[PDB]
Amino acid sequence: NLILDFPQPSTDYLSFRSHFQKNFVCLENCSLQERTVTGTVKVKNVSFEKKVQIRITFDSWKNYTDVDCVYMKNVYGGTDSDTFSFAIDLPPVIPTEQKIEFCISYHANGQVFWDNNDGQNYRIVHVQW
């Protein structure tokens, strides 16, 4: 009934790297299971202290929620970037007319960086299936 309306950003490496180098934050993977959306976010390692959040709407941006992401230790990651994970429960019912979208914010060293997917956000759409 719901599906991701975007390719996994990490699949197209050249696009992923271009966005990540420009914005210093980029969604890496995302999956929709049951009524929960989970995923991973790559951020440039700008400073020790970081705050990474998903800003998500389930009602066409009438409202939104900021959800904290959690740092993921990665033995195989480099020292230039860090990985954060998120898990967000969907509301029990979302009417078909309502848009579901999210974007990502990243605070470090007094600055804020955004992944808004080239101004479209990351969309989840309603389907017949």
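Numbers follow the displayed sequence, beginning with 1.
Looking at 74-82 and 39-47 together, the entry lists the larger mean B-factor for 74-82, computed on C-alpha atoms.
Across the two stretches, 113-121 and 14-22, the PDB entry reports the greater mean Cα temperature factor for 14-22. When the CA B factors of the chain's modelled residues are split into thirds, the value for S31 lands in the middle one. In this PDB entry, the Cα temperature factor of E97 sits in the top third of its chain's modelled residues, the highest group.
Per-chain ranking of the deposited C-alpha B factor places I54 in the lowest third.
In the deposited entry, the Cα temperature factor of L90 sits in the top third of values across the chain's modelled residues.
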